[PDB]
Amino acid sequence: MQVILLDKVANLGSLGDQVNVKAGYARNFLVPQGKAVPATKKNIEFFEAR
Amino acid sequence: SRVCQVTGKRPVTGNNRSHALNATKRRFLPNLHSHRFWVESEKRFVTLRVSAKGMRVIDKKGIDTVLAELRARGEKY
RNA sequence: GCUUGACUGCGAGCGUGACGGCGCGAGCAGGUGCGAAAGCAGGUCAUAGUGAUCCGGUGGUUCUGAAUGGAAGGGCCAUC
RNA sequence: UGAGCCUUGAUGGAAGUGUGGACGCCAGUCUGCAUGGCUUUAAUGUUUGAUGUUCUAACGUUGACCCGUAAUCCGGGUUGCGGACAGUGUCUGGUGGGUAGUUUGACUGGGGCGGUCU
RNA sequence: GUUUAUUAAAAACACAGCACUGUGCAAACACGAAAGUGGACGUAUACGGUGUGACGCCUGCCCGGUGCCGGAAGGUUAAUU
RNA sequence: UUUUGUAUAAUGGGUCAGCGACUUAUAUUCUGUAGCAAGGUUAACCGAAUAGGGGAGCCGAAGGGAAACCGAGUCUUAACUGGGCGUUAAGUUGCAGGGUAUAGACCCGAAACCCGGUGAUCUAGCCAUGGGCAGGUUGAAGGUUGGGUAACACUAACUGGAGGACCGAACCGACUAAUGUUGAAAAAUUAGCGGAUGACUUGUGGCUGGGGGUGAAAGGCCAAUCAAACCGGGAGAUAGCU
RNA sequence: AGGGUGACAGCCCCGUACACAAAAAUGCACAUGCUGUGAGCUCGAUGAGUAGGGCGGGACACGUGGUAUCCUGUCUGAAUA
RNA sequence: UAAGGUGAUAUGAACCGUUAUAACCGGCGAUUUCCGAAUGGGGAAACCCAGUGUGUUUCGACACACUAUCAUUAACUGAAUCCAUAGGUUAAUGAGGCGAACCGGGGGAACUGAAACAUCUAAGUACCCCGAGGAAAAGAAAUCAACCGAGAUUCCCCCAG
Ligand SMILES: [Mg+2]
Ligand SMILES: [Mg+2]
Ligand SMILES: [Mg+2]
Ligand SMILES: [Mg+2]
Ligand SMILES: [Mg+2]
Ligand SMILES: [Mg+2]
Ligand SMILES: [Mg+2]
Ligand SMILES: [Mg+2]
Ligand SMILES: [Mg+2]
Ligand SMILES: [Mg+2]
Ligand SMILES: [Mg+2]
Ligand SMILES: [Mg+2]
Ligand SMILES: [Mg+2]
Ligand SMILES: [Mg+2]
Ligand SMILES: [Mg+2]
Ligand SMILES: [Mg+2]
Ligand SMILES: [Mg+2]
Ligand SMILES: [Mg+2]
Ligand SMILES: [Mg+2]
Ligand SMILES: [Mg+2]
Ligand SMILES: [Mg+2]
Ligand SMILES: [Mg+2]
Ligand SMILES: [Mg+2]
Ligand SMILES: [Mg+2]
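Protein chains in written order, with the deposited numbering: chain AH, 1 to 50; chain AX, 1 to 77.
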């Protein structure tokens with residue numbers, strides 16, 4: 001569960017980095033709260049074009 | 001029923017075995033939980049009775065796919 | 001007094017057991033001790049001092065080695 | 001607050017005024033304070049345990065209100081409470097006549113008790 | 001008062017009274033793989049369990065054993081790593 | 001029949017008739033017999049279907065050694081004067097029979113264990129809704145009025161009508177006896193007996209299920225069955241016993 | 001073949017061998033109509049919470065045994081010609 | 001197809017037929033009360049009661065038809081919440097129940113054997129359950145082989161107790 005960010009956020013905030021977050025942190029808060037999204041190897045290209 | 005809506009995991013029967021190998025019937029049943037999942041693609045939460053792994057699948061494949069299944073298969077949800 | 005025959009491989013022929021087994025044994029081969037030598041010694045004057053098989057340990061062993069080389073595992077010999 | 005690599009520690013403008021500490025068997029008129037032609041003595045960034053506080057966002061709610069709905073079921077919703085606990089799955093040490101399956105020798109001047117068993 | 005319908009009606013069981021003990025409520029506890037239900041539309045003057053058995057006068061010593069309650073030290077100790 | 005031994009007063013049989021217990025299949029070995037012979041024979045299958053085809057294969061002609069391997073020898077040991085097992089006699093396939101193996105394996109018989117069902121029309125307890133208790137006693141609290149107290153206390157009458165209270169029918173029980181015991185009855189009859197406004201008794205209907213129910217507790221009751229109900233099943237359980 | 005007929009029937013009866021028969025409805029084959037369906041060439045693509053592993057069981061003749069292999073309740077988790 | 005028929009116990013009555021509408025046999029139709037999956041609601045099976053539609057030169061009350069549930073699809077409707085969902089009505093399809101074995105799947109005993117008994121056996125048997133077909137299942141190598149080769153699955157005989 002690496003995911004890519006969206007806004008700032010915690011000791012990793014950056015509007016679009018590849019972090020390595022704990023899954024529960026990921027698929028219970030950030031994504032449902034729209035602060036990140038999974039890095040599904042398709043996603044590692046849209047925020048790897050900027 | 002204790003069936004994982006994602007994997008179809010259900011209880012399975014096996015044995016106990018003592019140090020003397022006495023067999024006593026028993027069941028392994030799955031690590032169910034039931035969990036509010038955000039879809040966004042429907043602006044709603046859906047509670048699936050899900051196994052861990054069921055979760056780990058949803059993590060990987062991603063919800064909507066999994067939801068294509070279930071619906072593809074007829075699961076209520 | 002000197003010593004390691006309480007030796008290794010074998011064993012004509014016998015005794016004794018329902019059987020598993022146990023016992024006695026000259027002699028042959030190799031190597032050894034004591035004796036000047038003929039000789040004697042394969043434990044103790046003899047008859048009690050004991051535990052099948054299985055499972056497993058150890059040492060040895062080119063005997064076996066699931067395509068082939070090895071290895072695991074097995075066998076055999078010794079022993080627990 | 002345990003512990004590695006990066007990091008805040010060390011290694012294969014001269015000389016003047018010169019004063020506590022050094023695991024220093026058993027106390028260096030020597031160095032710095034303003035000025036002068038790829039580590040133990042411990043601590044900033046981390047990947048990682050133990051404990052304690054705080055938070056909400058999984059999870060609980062056999063509080064309250066709302067709708068389905070004239071419904072003490074269920075669900076959805078709002079909210080208060082609880083909160084990474086509780087509970088559950090797999091694994092695991094303890095306990096476990098609550099429950100189950102069984103064992104508990106033979107001889108013998110009946111059997112038991114005694115004695116005996118090579 | 002109750003009991004062995006059909007060889008035992010009693011000194012047995014029950015009883016009110018007594019004591020210990022559990023239980024803060026989503027109670028302990030019981031039926032139940034579970035949902036749930038009883039306990040109770042009760043809440044410690046309540047409820048379960050256990051022993052004793054109206055009343056009167058009373059109920060002494062022993063915690064070494066077994067059990068239970070308490071015990072943030074230390075020794076030994078599972079999966080795991 | 002069983003026994004050391006039975007007229008035995010030890011078993012079994014009232015009598016007759018019918019039925020009633022060593023089978024079947026597949027393996028293996030021996031005997032007989034048949035075929036062929038250092039060879040014998042095919043299995044499935046094909047099939048002009050008991051033929052014919054099919055020799056996959058099985059047995060035998062070589063043994064010894066754990067084995068590699070060697071071979072009329074081989075193993076043992078450094079090696080046998082040796083020793084162990086072998087070298088000399090024929091095998092094989094049918095058919096009939098004797099044994100054995102696997103099967104219910106000669107026939108009948110348990111007490112039980114497991115599985116799925118059917119039972120609270122009896123009885124136990126509980127839930128709901130309806131019914132019953134002739135007649136006669138006792139006289140609790142309370143009340144009233146006099147007496148009595150400073151007022152209460154207290155006291156006498158009268159009134160009142162309490163109780164798992166009293167005597168006693170219906171009703172509910174079941175202490176004694178006799179009768180009955182192939183009964184009138186698989187628990188009653190007769191004479192006595194207990195309770196009889198209560199933890200009473202009763203009609204209807206409901207709920208609880210088998211290691212489960214229910215139990216004022218006897219292991220009681222759960223349909224004349226109870227230290228684990230009944231029906232069907234595993235099932236021909238197993239029976240070193242009769 | 002067989003049955004029947006007053007007892008045992010090739011020739012009494014009903015059959016049997018043999019040869020024939022379908023107005024209608026149907027099984028089965030083909031042949032087409034209608035519906036639904038896709039064929040073909042070029043260039044591509046090649047099955048991840050999976051394989052494997054840890055724990056627990058189960059399957060493989062194989063009882064964990066030196067035990068390959070298969071399945072998975074549980075926690076994990078690749079390479080990609 | 002036909003000279004005889006109106007099933008049997010089963011006579012009798014009254015009939016019907018003989019050259020083709022007697023009977024009898026076959027194909028296809030028609031009718032087909034009530035209960036039963038039972039399906040309009042209920043229910044002590046074969047009974048009680050409805051809503052709505054139809055129906056009467058005697059247009060009342062009765063008779064008939066339809067109205068179960070679930071699934072899929074559509075349409076129309078439509079909360080908390082405006083969107084949107086859940087919810088609700090209608091409609092079209094299909095399902096439901098029964099049935100001998102064979103078949104695949106979810107569960108799964110004990111007696112018994114071991115001369116006792118735990119491992120082991122009985123045995124993945126008996127039994128319960130779900131599902132399907134005319135057969136089921138299995139199947140087009142991440143299979144064997146052993147350096148030579150074979151070439152999906154299934155069944156039979158060997159290999160071999
Ligand atoms: Mg290999
Ligand atoms: Mg026991
Ligand atoms: Mg037993
Ligand atoms: Mg004895
Ligand atoms: Mg009695
Ligand atoms: Mg009595
Ligand atoms: Mg108390
Ligand atoms: Mg007493
Ligand atoms: Mg006698
Ligand atoms: Mg005799
Ligand atoms: Mg005589
Ligand atoms: Mg006589
Ligand atoms: Mg006699
Ligand atoms: Mg009753
Ligand atoms: Mg009385
Ligand atoms: Mg009386
Ligand atoms: Mg009875
Ligand atoms: Mg029997
Ligand atoms: Mg049996
Ligand atoms: Mg592929
Ligand atoms: Mg009806
Ligand atoms: Mg109905
Ligand atoms: Mg036994
Ligand atoms: Mg090749």
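For each residue, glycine too, the CB sits at the ideal point set by N, CA and C.
Item                                                                                                                                         : Value
Member of AX:26, AX:35 and AX:20 whose CA lies at the smallest distance from the CA of residue 6 of chain AX                                 : AX:35
Per-residue burial, residue 5 of chain AH [other beta carbons within 10 Å of its own, 16 or more giving buried]                              : buried
Buried/exposed call for residue 9 of chain AX, threshold 16 Cβ in 10 Å                                                                       : buried
Near-chain AH residues of the stretch 52 to 64 of chain AX - C-beta to any C-beta below 7 Å                                                  : 59 and 62
Residue 32 of chain AX to residue 50 of chain AX span [Cα, whole Å]                                                                          : 5 Å
Beta-carbon proximity of residue 26 of chain AH to residue 3 of chain AH, cut-off 7 Å                                                        : yes
Chain-order list of residues whose beta-carbon lies under 8 Å from that of residue 50 of chain AH (same chain, five-residue window excluded) : 16
Reference residue 43 of chain AH, options AH:18, AH:33 and AH:32, closest by Cα                                                              : AH:18
Exposed unless 16 or more other CB atoms sit within 10 angstroms - verdict on residue 23 of chain AH                                         : exposed
Own chain partners of residue 53 of chain AX with C-beta closer than 7 Å, once the 5 adjacent residues on each side are dropped              : 7
Entirely enclosed alpha helix (DSSP H) segments - the stretch 28 to 77 of chain AX, minimum 4 residues                                       : 54 to 61 and 63 to 71
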